[PDB]
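**Q** My structure file run08.pdb, PDB, C-alpha atoms, is below:
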ATOM      1  CA  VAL U   1      38.890-248.324 -61.738  1.00  0.00           C
ATOM      2  CA  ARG U   2      39.698-244.840 -62.999  1.00  0.00           C
ATOM      3  CA  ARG U   3      38.072-243.409 -66.116  1.00  0.00           C
ATOM      4  CA  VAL U   4      39.544-241.821 -69.224  1.00  0.00           C
ATOM      5  CA  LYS U   5      37.932-239.738 -71.976  1.00  0.00           C
ATOM      6  CA  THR U   6      39.513-240.359 -75.359  1.00  0.00           C
ATOM      7  CA  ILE U   7      40.660-237.070 -76.881  1.00  0.00           C
ATOM      8  CA  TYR U   8      42.192-238.747 -79.919  1.00  0.00           C
ATOM      9  CA  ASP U   9      40.961-241.507 -82.203  1.00  0.00           C
ATOM     10  CA  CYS U  10      42.796-244.812 -82.014  1.00  0.00           C
ATOM     11  CA  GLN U  11      42.264-247.128 -84.958  1.00  0.00           C
ATOM     12  CA  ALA U  12      43.542-250.438 -83.616  1.00  0.00           C
ATOM     13  CA  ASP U  13      44.809-253.094 -86.013  1.00  0.00           C
ATOM     14  CA  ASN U  14      45.391-255.933 -83.574  1.00  0.00           C
ATOM     15  CA  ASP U  15      42.501-257.409 -81.603  1.00  0.00           C
ATOM     16  CA  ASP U  16      44.601-256.937 -78.471  1.00  0.00           C
ATOM     17  CA  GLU U  17      44.497-253.209 -79.124  1.00  0.00           C
ATOM     18  CA  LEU U  18      41.339-251.251 -78.411  1.00  0.00           C
ATOM     19  CA  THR U  19      39.560-249.355 -81.159  1.00  0.00           C
ATOM     20  CA  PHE U  20      37.930-246.076 -80.166  1.00  0.00           C
ATOM     21  CA  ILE U  21      37.324-242.528 -81.356  1.00  0.00           C
ATOM     22  CA  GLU U  22      37.405-239.113 -79.702  1.00  0.00           C
ATOM     23  CA  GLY U  23      34.741-239.030 -77.012  1.00  0.00           C
ATOM     24  CA  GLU U  24      34.738-242.642 -75.867  1.00  0.00           C
ATOM     25  CA  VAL U  25      34.751-243.334 -72.155  1.00  0.00           C
ATOM     26  CA  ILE U  26      37.196-246.001 -71.065  1.00  0.00           C
ATOM     27  CA  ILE U  27      37.357-247.538 -67.632  1.00  0.00           C
ATOM     28  CA  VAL U  28      40.935-248.369 -66.747  1.00  0.00           C
ATOM     29  CA  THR U  29      40.987-251.937 -65.487  1.00  0.00           C
ATOM     30  CA  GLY U  30      44.740-252.542 -65.667  1.00  0.00           C
ATOM     31  CA  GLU U  31      48.139-251.129 -66.642  1.00  0.00           C
ATOM     32  CA  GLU U  32      50.810-252.384 -69.032  1.00  0.00           C
ATOM     33  CA  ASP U  33      53.043-249.395 -69.639  1.00  0.00           C
ATOM     34  CA  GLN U  34      53.121-245.622 -69.082  1.00  0.00           C
ATOM     35  CA  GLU U  35      51.461-245.050 -72.434  1.00  0.00           C
ATOM     36  CA  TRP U  36      49.591-248.318 -72.501  1.00  0.00           C
ATOM     37  CA  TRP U  37      46.856-249.202 -70.081  1.00  0.00           C
ATOM     38  CA  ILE U  38      44.258-251.937 -70.108  1.00  0.00           C
ATOM     39  CA  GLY U  39      40.597-251.152 -69.923  1.00  0.00           C
ATOM     40  CA  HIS U  40      37.179-251.312 -71.487  1.00  0.00           C
ATOM     41  CA  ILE U  41      34.794-248.939 -73.211  1.00  0.00           C
ATOM     42  CA  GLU U  42      32.323-247.691 -70.643  1.00  0.00           C
ATOM     43  CA  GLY U  43      28.841-248.554 -71.840  1.00  0.00           C
ATOM     44  CA  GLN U  44      30.242-251.377 -73.953  1.00  0.00           C
ATOM     45  CA  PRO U  45      32.604-253.528 -71.836  1.00  0.00           C
ATOM     46  CA  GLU U  46      33.142-255.973 -74.688  1.00  0.00           C
ATOM     47  CA  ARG U  47      35.401-253.364 -76.233  1.00  0.00           C
ATOM     48  CA  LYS U  48      38.527-253.839 -74.146  1.00  0.00           C
ATOM     49  CA  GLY U  49      42.256-254.360 -74.338  1.00  0.00           C
ATOM     50  CA  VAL U  50      45.265-252.059 -74.440  1.00  0.00           C
ATOM     51  CA  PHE U  51      44.870-248.354 -75.167  1.00  0.00           C
ATOM     52  CA  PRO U  52      47.379-245.476 -75.442  1.00  0.00           C
ATOM     53  CA  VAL U  53      47.233-243.137 -72.449  1.00  0.00           C
ATOM     54  CA  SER U  54      48.474-240.195 -74.515  1.00  0.00           C
ATOM     55  CA  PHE U  55      45.211-240.474 -76.471  1.00  0.00           C
ATOM     56  CA  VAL U  56      42.866-240.195 -73.490  1.00  0.00           C
ATOM     57  CA  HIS U  57      41.879-237.514 -70.984  1.00  0.00           C
ATOM     58  CA  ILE U  58      42.007-239.095 -67.546  1.00  0.00           C
ATOM     59  CA  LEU U  59      39.410-238.351 -64.919  1.00  0.00           C
ATOM     60  CA  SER U  60      40.024-239.327 -61.318  1.00  0.00           C
ATOM     61  CA  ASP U  61      36.301-240.043 -61.257  1.00  0.00           C
TER      62      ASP U  61
END
Written as structure tokens, how would this file's structure read?

**A**
Amino acid sequence: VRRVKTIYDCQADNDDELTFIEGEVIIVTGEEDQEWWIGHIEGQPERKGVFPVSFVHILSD
């Protein structure tokens, strides 16, 4: 369960996609593709789904 710190805003359109803005913490809970991981907003785990990796700043926390 690695953590990522969104450095770009991602305005999802599908409910499978995750919606977040710059500064959101996401806990990586799975992986789909190189640019597409599965995870949840830290502090609000009900916000989860797929999120673009090129939009987040990964911490090996």

**Q** One decimal, Å: what's the distance from atom CA of residue U:24 over to atom CA of residue U:5, could you say?

**A**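 Atom CA of residue U:24 sits 5.8 Å away from atom CA of residue U:5.
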
**Q** Write out as a short mmCIF file (atom, residue, chain, number, x, y, z; two decimals) with C-alpha atoms, in the coordinates of the input each polymer residue whose atoms come within 8 Å of stretch 39-43 of chain U, counting all atoms listed in the file; drop sequence neighbours fewer than 5 positions from it.

**A**
data_model
loop_
_atom_site.label_atom_id
_atom_site.label_comp_id
_atom_site.auth_asym_id
_atom_site.auth_seq_id
_atom_site.Cartn_x
_atom_site.Cartn_y
_atom_site.Cartn_z
CA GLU U 24 34.74 -242.64 -75.87
CA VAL U 25 34.75 -243.33 -72.16
CA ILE U 26 37.20 -246.00 -71.06
CA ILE U 27 37.36 -247.54 -67.63
CA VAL U 28 40.94 -248.37 -66.75
CA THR U 29 40.99 -251.94 -65.49
CA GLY U 30 44.74 -252.54 -65.67
CA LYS U 48 38.53 -253.84 -74.15
CA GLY U 49 42.26 -254.36 -74.34
CA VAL U 50 45.26 -252.06 -74.44
CA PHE U 51 44.87 -248.35 -75.17
#

**Q** Report, in Å to a single decimal, how far apart atom CA of residue U:61 and atom CA of residue U:12 are.

**A**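 Between these atoms lies a distance of 25.7 Å.
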
**Q** Here is a test: counting only C-alpha atoms, which residue of U:31, U:52, U:46, U:2 is nearest to residue U:17?

**A**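 Residue with the minimum atom-to-atom distance to residue U:17: U:52.
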
**Q** Would you mind reading off the distance between atom CA of residue U:60 and atom CA of residue U:4, one decimal, in Å?

**A**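 Rounded to one decimal, the two atoms are 8.3 Å apart.
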
**Q** Spell out the residues picked by the PyMOL selection byres ((chain U and resi 7) around 8) here, as a ChimeraX atom specification.

**A** /U:5-6,8-9,21-23,55-57

**Q** When distances are computed from all atoms listed in the file, which of U:38, U:47, U:33, U:1 shows the smallest separation from residue U:20?

**A**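 Going through U:38, U:47, U:33, U:1 one by one, the smallest distance to residue U:20 is for U:47.
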
**Q** Centre and edge lengths of an axis-aligned box around all listed atoms of stretch 8-20 of chain U, with 3 Å added on each side, are to be given in Å to one decimal, as JSON.

**A**
{"center_x": 41.7, "center_y": -248.1, "center_z": -82.2, "size_x": 13.5, "size_y": 24.7, "size_z": 13.6}
